[PDB]
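Here's the structure, in structure tokens; my notes come after.
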Amino acid sequence: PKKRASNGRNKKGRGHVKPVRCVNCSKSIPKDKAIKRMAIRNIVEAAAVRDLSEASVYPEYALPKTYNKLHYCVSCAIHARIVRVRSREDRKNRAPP
Amino acid sequence: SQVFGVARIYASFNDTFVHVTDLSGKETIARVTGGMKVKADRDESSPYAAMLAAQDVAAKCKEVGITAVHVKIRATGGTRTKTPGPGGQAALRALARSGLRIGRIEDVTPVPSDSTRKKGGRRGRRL
Amino acid sequence: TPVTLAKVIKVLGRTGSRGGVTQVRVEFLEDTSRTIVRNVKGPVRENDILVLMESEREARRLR
Amino acid sequence: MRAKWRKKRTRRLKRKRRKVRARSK
Amino acid sequence: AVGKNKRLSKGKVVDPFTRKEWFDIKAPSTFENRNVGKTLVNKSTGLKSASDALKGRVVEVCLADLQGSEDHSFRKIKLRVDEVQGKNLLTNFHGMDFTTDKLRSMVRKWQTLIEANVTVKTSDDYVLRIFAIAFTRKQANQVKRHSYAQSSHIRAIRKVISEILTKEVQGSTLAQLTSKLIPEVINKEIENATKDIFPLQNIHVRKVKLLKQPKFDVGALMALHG
RNA sequence: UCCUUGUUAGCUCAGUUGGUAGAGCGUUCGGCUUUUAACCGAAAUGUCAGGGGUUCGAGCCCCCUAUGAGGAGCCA
RNA sequence: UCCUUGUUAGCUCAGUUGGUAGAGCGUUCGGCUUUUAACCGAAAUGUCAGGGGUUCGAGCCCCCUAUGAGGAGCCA
RNA sequence: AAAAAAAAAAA
RNA sequence: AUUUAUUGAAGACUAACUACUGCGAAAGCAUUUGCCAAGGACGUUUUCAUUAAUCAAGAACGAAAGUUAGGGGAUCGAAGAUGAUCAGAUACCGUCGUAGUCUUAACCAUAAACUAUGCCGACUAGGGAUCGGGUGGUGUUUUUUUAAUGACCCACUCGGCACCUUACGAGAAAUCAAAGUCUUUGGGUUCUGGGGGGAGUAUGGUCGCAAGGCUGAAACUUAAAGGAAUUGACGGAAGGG
């Protein structure tokens, strides 16, 4: 039976969404059902940033960052220890932590 | 006072190319890889191997006379993962500990404007 | 045949499927203010000392 | 078994029967 | 991996960094600094004439590394080599561009993006692609969380931007234009031109790419380099 | 009938006169598993088709028998 | 017959006159996974194709044969 | 994120 | 070789902005710019005046794959060839790769073509947010302090995509603001179903180049198939110990 009023996704009034590809298994999936996350990270790490700034000319430079938006599918996500599973009531819950 | 090169790191799963050039990029120096530092075919991309590569290119840049480098880190890009492999940061830390001076780190990963098509089929790299 | 010393200052926890391994952060004795994360095989305490045949390496953080 | 495959099988069979009846006619 | 190779060669040492030599590079006069670096070629033999292999080059360096200030810190610049005279070889402008991190940071969601591009010539017969960009900004006193646009404002904004860049360029030659860029006055012009339409933060312009060059004009290159 | 070729562990097959000759599968034994498979360890097995001879010594070298297969059987 | 190329552990390959010679495989054992390993540590391994000659010293340099590969050509 | 097939039926 | 740099060609795609957002009858539709014609909603003290609702038969459009003929043919890639894995593996993984993917001119006419909820209309509980339009406000800001606009705030309203909470009601329940206003059984209307299998099979028709579609049974066989939820057991499912 029906497990989700949204049925998996965020489609109410389109019909078609021109999908994208899950990056971990190259798998086609719509952009409204995809899991989207975003990974913004310092380029190096909080550990070696000290070595960088110590061996760096141009003091106090920036420590720039790398930004990438990540589309995983359901299977790859649940394998990668993300949205894993929830009971019925908290399955209805929609906000992040 | 400073003699600057360009580091050209490419950190991919399965490998890590570390090679350095003059500012123009035509005259190049010290290209070395994790497979050139170890013999597994699995640890090609590993941080220890990348670190060894970095130590070697540092030795070569110091034997030439170069003292510093602007850094251009890169992943496979295009249609593939767009996220760097594990060895990039390790190589960077390795050479910065080795003794060179650093500048202008940038991620130059080739990114498309909705590229052609990705390999594996719509149902995936099933495993 | 050069080695390096380090002082165990901060024990984090165990790692490994069989839990016979530890993750610790240690302070370099010479060239101090350097704090590096490492694995250990056997029993260990805080304030301890380790002998690294290689310094420029850290293990996966598990946390 | 799966309906997709029962249907595919059946289609191949219909095709074959069509052509042998074509032999007769 | 080391000893994995089967055949190095199908059919079956000389240190060249002794054969090489270094080169100081001179930016134009539309810059606070000139001495950008050092560059490698082989000894200019009787057959090779290293000057040409040195001539057909391009290099990327940051506007902060040119002007001293860390405000123009993203802002790469591509400089073309065009002339040599005794180990202090010259350069001319080949292009500007942004950094990945800066562009990505500009790009957030729940704010409409605007992009434009023009493919215009100059007074001195260059041809350029100037890309412009903008982002809707959430006014103060604003509550509704996304601040999107109405797409007629976008068409109009892009019209404004295009005609502005054309008007400036047609009259700005190349270096006049570069010194128009460095102080980032075009951004001020654009926000003043569009404030009566829509707020528009983050109007740092975007890259600019030479498509067609005129003839050499060593005269102009010499007028640049003192 | 002629010409050419083959015969070896239960089955398919390998070999330079110098070992009561060798593989894989099979068979048997022990283990793993609740059990069988798979998997892991191990074993034993041939009158080299038969009959002569050369040699100190024949699976091999030569010669007949049986069997097998390939080819030949044509011009009117 | 002329020229070139090769004869190397069980297979295949590398080698400078300052070495009964180094490689992966095969297998002898030991790690290693619950183990099936992919994997890692130590051994044995090549009358260095055969016989002559030069050298304080020959897989190695000179002569010859045999062997295999390629191309040239061929008055009994 | 090597591998891991089968178990008569009846109640 | 890989990798780096500078260029050119090719063809596809249109990232990030891109979301419980928009349009379109559905399929479906995303770079810019322009041309063509269309459309909804809103506003209206404009006009017509019941012209309307749903509809057999009959028509248009109709993802992908597919078919025909031309162009193109960069990626990826049914088939196929190959390297592994495995007891086997012409399957999963890997490397190649014709067709196809793309486009023009024609066909096909299906789909988990799904909101698995036919359309038109009325009424019935709360709450806030959002898109388009409209109204009011000495509201805030921008200009030329000022104006007018524009963008934001507040209130209201029409029309949309939806949504949160409760159940008075409904329902087998899951769940539902319709799936309510139905044993207190009737607003109008089209289509469809009558245990499961055989069977969307056979035959006959008709449409189609074909593939196939649309229509569409019987014999025979069976007492249970099935739906929603409960408690357990199990998991090469997660979390904790």
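Chain labels run A, B, ... following the order of the structure tokens; each chain numbers its residues from 1, and ligands are numbered from 1 in the order shown.
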Hey, list the chain A side of the contact with chain C: 12 Å cut-off, only C-alpha atoms, answer as number ranges by chain.
A: 45-48, 50-51
Leaving out segment 51-65 of chain G and any residue of its chain fewer than 6 positions from it, which residues lie within 8 Å of it when counting only C-alpha atoms (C1' of nucleotides), given as a PyMOL selection string?
chain G and resi 8+17-18+21
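The space between atom CA of residue 201 of chain E and atom CA of residue 113 of chain E spans 10.2 Å.
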Compile the contact shell of residue 43 of chain F as number ranges by chain: residues with an atom at most 12 Å away, counting only C-alpha atoms (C1' of nucleotides), same-chain residues fewer than 2 positions apart removed.
F: 27-30, 41, 45
Written selection (N, CA, C and O atoms (P, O5', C5', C4', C3', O3' and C1' of nucleotides)) as a PDB file, in the first residue's frame:
```pdb
ATOM      1  P     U F  27      32.743 -39.156  -7.925  1.00  0.00           P
ATOM      2  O5'   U F  27      33.590 -40.420  -7.471  1.00  0.00           O
ATOM      3  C5'   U F  27      33.298 -41.699  -8.004  1.00  0.00           C
ATOM      4  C4'   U F  27      34.220 -42.743  -7.450  1.00  0.00           C
ATOM      5  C3'   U F  27      34.438 -42.679  -5.961  1.00  0.00           C
ATOM      6  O3'   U F  27      33.375 -43.264  -5.242  1.00  0.00           O
ATOM      7  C1'   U F  27      36.510 -42.942  -7.041  1.00  0.00           C
ATOM      8  P     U F  28      32.947 -42.656  -3.828  1.00  0.00           P
ATOM      9  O5'   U F  28      34.176 -43.012  -2.891  1.00  0.00           O
ATOM     10  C5'   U F  28      34.561 -44.359  -2.703  1.00  0.00           C
ATOM     11  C4'   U F  28      35.833 -44.452  -1.912  1.00  0.00           C
ATOM     12  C3'   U F  28      35.888 -43.614  -0.657  1.00  0.00           C
ATOM     13  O3'   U F  28      35.190 -44.182   0.423  1.00  0.00           O
ATOM     14  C1'   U F  28      37.879 -43.334  -1.848  1.00  0.00           C
ATOM     15  P     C F  29      34.576 -43.218   1.536  1.00  0.00           P
ATOM     16  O5'   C F  29      35.850 -42.626   2.268  1.00  0.00           O
ATOM     17  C5'   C F  29      36.685 -43.486   3.017  1.00  0.00           C
ATOM     18  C4'   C F  29      37.833 -42.748   3.641  1.00  0.00           C
ATOM     19  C3'   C F  29      37.474 -41.539   4.472  1.00  0.00           C
ATOM     20  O3'   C F  29      36.977 -41.873   5.749  1.00  0.00           O
ATOM     21  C1'   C F  29      39.296 -41.019   3.091  1.00  0.00           C
ATOM     22  P     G F  30      35.829 -40.974   6.406  1.00  0.00           P
ATOM     23  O5'   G F  30      36.617 -39.722   6.966  1.00  0.00           O
ATOM     24  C5'   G F  30      37.705 -39.909   7.842  1.00  0.00           C
ATOM     25  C4'   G F  30      38.467 -38.634   8.058  1.00  0.00           C
ATOM     26  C3'   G F  30      37.655 -37.383   8.302  1.00  0.00           C
ATOM     27  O3'   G F  30      37.120 -37.294   9.604  1.00  0.00           O
ATOM     28  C1'   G F  30      39.353 -36.902   6.783  1.00  0.00           C
ATOM     29  P     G F  41      44.107 -27.533  -0.011  1.00  0.00           P
ATOM     30  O5'   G F  41      45.089 -27.805   1.200  1.00  0.00           O
ATOM     31  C5'   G F  41      45.837 -29.003   1.249  1.00  0.00           C
ATOM     32  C4'   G F  41      45.430 -29.862   2.414  1.00  0.00           C
ATOM     33  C3'   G F  41      45.859 -31.310   2.331  1.00  0.00           C
ATOM     34  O3'   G F  41      47.203 -31.495   2.711  1.00  0.00           O
ATOM     35  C1'   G F  41      43.608 -31.196   2.980  1.00  0.00           C
ATOM     36  P     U F  45      49.087 -47.493  -6.339  1.00  0.00           P
ATOM     37  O5'   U F  45      48.117 -47.837  -7.553  1.00  0.00           O
ATOM     38  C5'   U F  45      47.197 -48.908  -7.441  1.00  0.00           C
ATOM     39  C4'   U F  45      45.983 -48.690  -8.301  1.00  0.00           C
ATOM     40  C3'   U F  45      46.228 -48.678  -9.794  1.00  0.00           C
ATOM     41  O3'   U F  45      46.307 -49.992 -10.316  1.00  0.00           O
ATOM     42  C1'   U F  45      44.766 -46.903  -9.184  1.00  0.00           C
TER      43        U F  45
END
```
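Counting from atom CA of residue 218 of chain E, the distance to atom CA of residue 28 of chain E is 12.9 Å.
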